[PDB]
There are 10 protein chains.
Amino acid sequence: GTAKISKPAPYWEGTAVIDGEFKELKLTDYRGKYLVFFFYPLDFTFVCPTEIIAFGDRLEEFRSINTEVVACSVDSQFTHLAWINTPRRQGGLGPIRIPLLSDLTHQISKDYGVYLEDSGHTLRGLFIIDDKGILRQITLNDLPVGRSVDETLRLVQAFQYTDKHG
Amino acid sequence: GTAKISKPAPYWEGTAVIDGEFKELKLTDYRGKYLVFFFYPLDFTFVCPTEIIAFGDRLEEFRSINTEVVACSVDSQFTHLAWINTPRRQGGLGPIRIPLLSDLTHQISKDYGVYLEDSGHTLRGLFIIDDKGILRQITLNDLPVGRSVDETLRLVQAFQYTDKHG
Amino acid sequence: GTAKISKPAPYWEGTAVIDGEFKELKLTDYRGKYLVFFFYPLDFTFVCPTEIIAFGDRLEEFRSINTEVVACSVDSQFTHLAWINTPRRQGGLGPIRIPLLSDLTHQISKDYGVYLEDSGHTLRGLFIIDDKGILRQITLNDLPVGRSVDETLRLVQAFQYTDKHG
Amino acid sequence: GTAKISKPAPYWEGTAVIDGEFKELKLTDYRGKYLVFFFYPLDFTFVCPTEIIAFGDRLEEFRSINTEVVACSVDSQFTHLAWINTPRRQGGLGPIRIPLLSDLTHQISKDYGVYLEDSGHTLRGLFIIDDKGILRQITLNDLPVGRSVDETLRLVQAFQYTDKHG
Amino acid sequence: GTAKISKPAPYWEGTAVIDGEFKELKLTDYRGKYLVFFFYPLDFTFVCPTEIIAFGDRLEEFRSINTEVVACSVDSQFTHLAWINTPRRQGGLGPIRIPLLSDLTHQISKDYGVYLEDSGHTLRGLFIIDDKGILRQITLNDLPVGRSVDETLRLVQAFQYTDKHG
Amino acid sequence: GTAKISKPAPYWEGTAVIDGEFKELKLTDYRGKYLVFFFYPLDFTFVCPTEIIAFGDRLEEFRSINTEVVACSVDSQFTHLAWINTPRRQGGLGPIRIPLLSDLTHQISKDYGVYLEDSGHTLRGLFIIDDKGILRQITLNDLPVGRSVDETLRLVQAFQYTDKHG
Amino acid sequence: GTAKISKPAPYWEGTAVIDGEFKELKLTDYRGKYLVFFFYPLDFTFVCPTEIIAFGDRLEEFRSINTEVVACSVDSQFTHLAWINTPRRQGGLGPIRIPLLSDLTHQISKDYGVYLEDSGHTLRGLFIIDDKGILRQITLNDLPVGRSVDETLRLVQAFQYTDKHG
Amino acid sequence: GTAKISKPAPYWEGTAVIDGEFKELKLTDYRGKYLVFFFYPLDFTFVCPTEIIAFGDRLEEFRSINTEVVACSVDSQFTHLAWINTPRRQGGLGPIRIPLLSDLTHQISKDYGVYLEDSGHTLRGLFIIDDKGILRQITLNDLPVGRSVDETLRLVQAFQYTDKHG
Amino acid sequence: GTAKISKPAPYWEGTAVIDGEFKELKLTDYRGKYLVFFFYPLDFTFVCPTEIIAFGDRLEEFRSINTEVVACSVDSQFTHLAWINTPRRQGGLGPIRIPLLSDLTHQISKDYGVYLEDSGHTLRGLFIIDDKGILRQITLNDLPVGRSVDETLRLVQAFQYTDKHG
Amino acid sequence: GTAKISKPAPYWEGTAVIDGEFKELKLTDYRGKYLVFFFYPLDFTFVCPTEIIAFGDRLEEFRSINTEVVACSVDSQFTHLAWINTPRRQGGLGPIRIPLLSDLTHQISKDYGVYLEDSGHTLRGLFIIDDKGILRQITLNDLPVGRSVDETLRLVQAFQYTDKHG
Ligand SMILES: *SCCS(=O)(=O)O
Ligand SMILES: *SCCS(=O)(=O)O
Ligand SMILES: *SCCS(=O)(=O)O
Ligand SMILES: *SCCS(=O)(=O)O
Ligand SMILES: *SCCS(=O)(=O)O
Ligand SMILES: *SCCS(=O)(=O)O
Ligand SMILES: *SCCS(=O)(=O)O
Ligand SMILES: *SCCS(=O)(=O)O
Ligand SMILES: *SCCS(=O)(=O)O
Ligand SMILES: *SCCS(=O)(=O)O
């Protein structure tokens, strides 16, 4: 657990699925933009992926405030792609507008203190990192409870307001 | 930082101001009830204490779901009392329905990983602890951004739903 | 890496997909039989899983000489199930008669000395464990090169011949 | 505790309330003058702050012999200000001519050996620091017993006599 | 050393000169009474021993409030006796009513944190110990400056008042 | 030991018997060619050396794919030469085309993790090393079971194919 | 190693060739008898084993004075047998009435302090051990220089006379 | 301590009483001269200082052979002076022509290995040091037994003759 | 050195020559009497052994005060005998009335702090041990300078007198 | 022990008796020739010194093969002389042609691993050092049993022959 508020967010890099393709992605790619970086447990469970979908549907509300969204699980990039290429009808994600980062080595998860050593995947963790790479907000949820796009928006808008008028 | 999701929330005890009086309070007093335990930086700043007030106004929405709310800063119990006995007109808290816990020794703050060694007070941290004493949720905000009573409610309701139907 | 020829094979347990269902599985369940226990890198890659298919399709050549086969990768059991439910025409596994063990936490791969720290998955490693639970054979292949069912059969038959005839 | 008679007094700096305003203050600002530097436990307690008032009210007996006085507790500068803006008729300090230094982080109290680990505040400790920045006198009192301005004057006058006459 | 306010005063024992005779003396002998225990630097110096005389002349004022007085230096008991047997006129102490404790080994001075490693004697240190053997007060003066019987009397009386009156 | 897949094979050197003569041999001599490097337990045992013979008879099949073969045991070079100079009829190896490396000091066996501390010799271990000196394959057999030239040939060919064809 | 004059000779055990057969042999088998215990470098070298031949051919000069002889090298027991089955005319040992002790593990050589770490065999070490198993003599020779049967007899005879006549 | 025969005598320096005055004195002041350096327990005891008196009264027997004498105890220089100003008739030293070295810190006594940790003074130690500052003699006596001026002279004379005549 | 005044003299034992005969001698044999224990450098040197002969000649003066005398050097007991058996004319000791203790191992000299590590023998050390085995006196002379019997008598008589008469 | 075959013989130096005279002798003085370096227990014992006399008598047989002989014990050089000067009739060595090296410090015996810590002397060790200072041979006899000059010649001639003729 290296993630500490008002300290630079721990650096990550890896392979993400972006618009159906493998792309290399790293935290510094988002420098100059605010980033919502969130973790979810696993691809292909029997629980509908409403969060990822929800952030995906409302991506323009983040893009209109100079904010990007990246989702991460410990699954491989190949699983992410397979999950994306599986139709929602069949319990897949369907096409998605948000990068799916793979944390196969588990190092990113550990560095963000969201890794569950017992399970080998993460809990539901969400991070708001500013345009300067500084961690501004940490949200950790026990597995069965998801996240509010509305509340993430409120938080992003609030830090940006604070940045300008403070 | 001992606070870990789905692990027992770190034990605390100390003096709180409750209904204008000094009372000893400890985490175990809340066993059997869900607890919203939150930290704020300092009493008597020039910023209106809207959060404490907001949780105070809407306390019955928590009590109707078997949930209590406790606020904490590193200020002494005496400061808390003085802040409470100072009218909102003059920048005080005014009377309040929520216990104000004092973390004078700073140990509670450290155990919850919300202490700022540089400042000697906390950031805005919020914790949702269940009826069995288990940490379910951790919310850490950089100083200038407050908390949503609505979002805390959503979270408490969600964990209780999960407790019954899961 | 605690796997040593002529020493008991490191104990392992985890969730496996056995005929489309999640079952807890352990090394000790194989006591009384020879076990071929092999690691492959990742589900859902763009290589045909010819080698896993081969062991599954020729499984009776193993069972008729008192031998089972168990496959393992670092993928979750949910990824394993989905891969199984992907037809071979689409580079999936199709239905399979061999258990697919999940090593999500990586402990089993590490105990077997097959984990790759920088990739987060295993290489191609195969282990032949006798009916007494003793490790008799270790085969470790760099990624691109697969394993022969005929060579595995030869080795199993030879240890068995060796067991019976002094 | 690094405070030693005839050694330089441990350096300190922090925010103080000086005539109703926040000013950064440091030990080195007192170079050239004697300094009486004393700790009291807590603002806003149910004891009249007779002892602080005494030093403030007789401040000229110190300034006319080249001596300043600085008070300190672990309270924040915001608590100090509020206490100052509480009239003596209501057990506040009323306006005061002596700086009230804040030791929020407790580092100054610890460096002076006056911090109480289990209470989170200091005891009653008073230090006489000469114009060369050297510690000449240490007075440490258990909580209930206060300090005499007359005794402090006597000690200051004696070190000064001693300084001039060999 | 080991002297801390509100902790038992560090135990000591040694030879003292009481009314012109060597007696074994210990801290525990004073249990049930308050004790003013002070250190002075050296016998036979070129300075008049005003402190020790003043405590001896006004002893009944301490005895009448259930308080004893013990003085101590690093000098041997033989030096103490000779100093007493030297008439005040000639730089001696003359007959005295206070015990003169010898701390030849330096251990007592070290335990009270008054020993000066480079000088081989103590600074001017004074300790107020209550009837239960708890240390209530620590006064440490740089060499040139002595102690006030009035002040000491005030502190003893204040601790006894606070003891009894709640 | 130090042998790891996709790392340079641990360096070795020693005396070998090549066409009936002692020659100094080293791993680096084989750079630019593939190398099958294998260990066998002991010369002069009561078992026919079928493995070593088979590799020697079919050597041209390795030479024609730019691959050399080296066999090794803990026996001395003198024992190797005598074993070669013993006719197969009488339990000897007879003339051979593969070098017989001596690992008298045991260091090579230890570096390859094939040494048996309680027996004083190796198990049956086989290593495939590429032309760049990188280790591609590790095969470790419990004592009774030998090695297949077909399998070895298959693995060499597969690594060379994958080398070239992307 | 641990071999020390007038201390018990370091225990050893292992497999030896005794009249064409493999027997387990230990130092304790020689209790009640003097033992000449010697090491030689290697079997099958290009020098006639005149040393070993001589002790064997002259064994009765030892047995008739209650003394046994054991030869040792790091060669395996199979190498020892092959060597014995090689005729003296052809460079071999021919039949021999002294056990050839195998030290494959090197432990015995190391306990006797005769092992050459750089070469992986022994120098020429001879040890005379009495009937109580106490080490009475150590003779260590650099490699090219052999031992004398007459000198060894003289020492044995001398030690026994010494035993008998005080 | 560090005092060793035929090694340089441990350096010392401190304040001594030399003809009624305080002088700083160091071991190096005696280079070019033999030095008799001795320790005695304490000033002002109830035994006449016959030892010290004797060396003082007989000093010319040392000076006429290029030898000086220094006496030391742990007493302060002020105690030494008082003692000197006490008449021999009254138990004191009377005037004395030998320096009385003060060892208040105890360091010198400890360097000479004569300090008694339990008593806080020295035993009776005498040291003969040559003109090059090399320690030639150590005489240590348990407390109740004094030194002989005739023996010390005989040793000094013996060391000088030895120096002169090889 | 382990010898320390007023502590038990380090235990010793060894072989002494007493009236031309080898006897085992121990420090404890002297319990109930005073012991003059002294070391000289070496037997058979060109210096006349005056000290040993002096103590020998005057032995009755010690025995009449219940005191024994033992002489020691690092020489073997055999050297002591030969030296005793060599006439003073031809550079020997001649018959002597004092035990000559051998410290061949050097351990006794080491315990007594008289051993010269660079020479392999002792300087001239003399020790006075009382009837309860407590060391009372340490005399260490640099090599050239011998010891006085008169001085040694004086010290013994002094220790015995102060033992008796308080 | 630091002596090791085929390593440089441990350096030694000391005082030897050579033709009745004290000379400083060093191992390096023997460079360019072979050296028989041997230890015996002690001078002046009741055992006839046959070994030393034998090597002495036959010294020309060594000198004609470019070989010197040095004898050592722990005795002082003075003891060696006296022993040499004592006629064989009266239990001495008598004139001898071989240097008698003194190892008074015991350091040479320790480096050679011949020192008996419990006796303070050596057992019977013999060492053959070549012309380049390399140790070629170690012979260690338990005390009673002496050494043979014929055997020692045989070994020297053997080492020199194998030095020359490859
Ligand atoms: S995945 C949950 C949404 S819906 O497809 O069931 O409508
Ligand atoms: S404290 C902010 C609310 S209001 O009093 O200004 O209305
Ligand atoms: S990816 C598997 C290829 S095939 O099954 O279509 O032959
Ligand atoms: S609390 C202060 C008491 S007074 O100022 O009213 O006298
Ligand atoms: S010695 C005390 C006498 S006075 O200095 O106070 O006059
Ligand atoms: S020694 C090899 C001959 S056979 O056993 O294969 O017949
Ligand atoms: S190894 C036999 C050779 S010879 O000495 O007998 O000639
Ligand atoms: S201290 C003087 C006493 S006496 O020996 O001179 O009698
Ligand atoms: S040691 C020489 C003195 S004397 O015995 O010969 O007199
Ligand atoms: S050492 C006794 C033998 S001999 O020299 O007396 O012949």
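Numbering of ligands and ligand atoms starts at 1, following listing order. Throughout, protein chains are lettered first and strands after them, A, B, ... in sequence-line order, and every chain is numbered starting at 1. As a basis for the values below, the full set of heavy atoms in this structure was taken, side chains included, without hydrogen atoms, waters or symmetry mates.
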*Which ligand 10 atoms are under 4.0 Å away from a heavy-atom of J:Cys48?*
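It comes down to these atoms of ligand 10: 1 (S), 2 (C), 3 (C).
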*What are the two closest non-hydrogen atoms of H:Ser76 and E:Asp75, and how far apart are they?*
OG-OD1, 4.4 Å
*Non-hydrogen atom of H:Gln90 closer than 4.0 Å to ligand 8*: no
*With distance as the sole test, does H:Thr152 use its side chain to make a donor-acceptor pair with the main-chain N or O of H:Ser148 at under 3.5 Å?*
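Yes.
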*Does the side chain of J:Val36 reach to within under 4.5 Å of the side chain of J:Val70, using non-hydrogen atoms?*
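SC-SC contact between J:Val36 and J:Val70 ruled out.
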*Considering only heavy atoms of H:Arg88, which atoms of ligand 8 have at least one such atom less than 4.0 Å away?*
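Within the 4.0 Å cut-off of H:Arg88, ligand 8 contributes 1 (S), 2 (C).
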_Nearest-0.5 Å distance that lies between atom CZ in J:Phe78 and atom CG in I:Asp43_ = 11.0 Å
*Considering heavy atoms of the protein only, find what lies nearest to atom 6 (O) of ligand 6 and give residue, atom and distance to 0.1 Å.*
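Of the protein heavy atoms, F:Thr50 CG2, 4.1 Å lies nearest.
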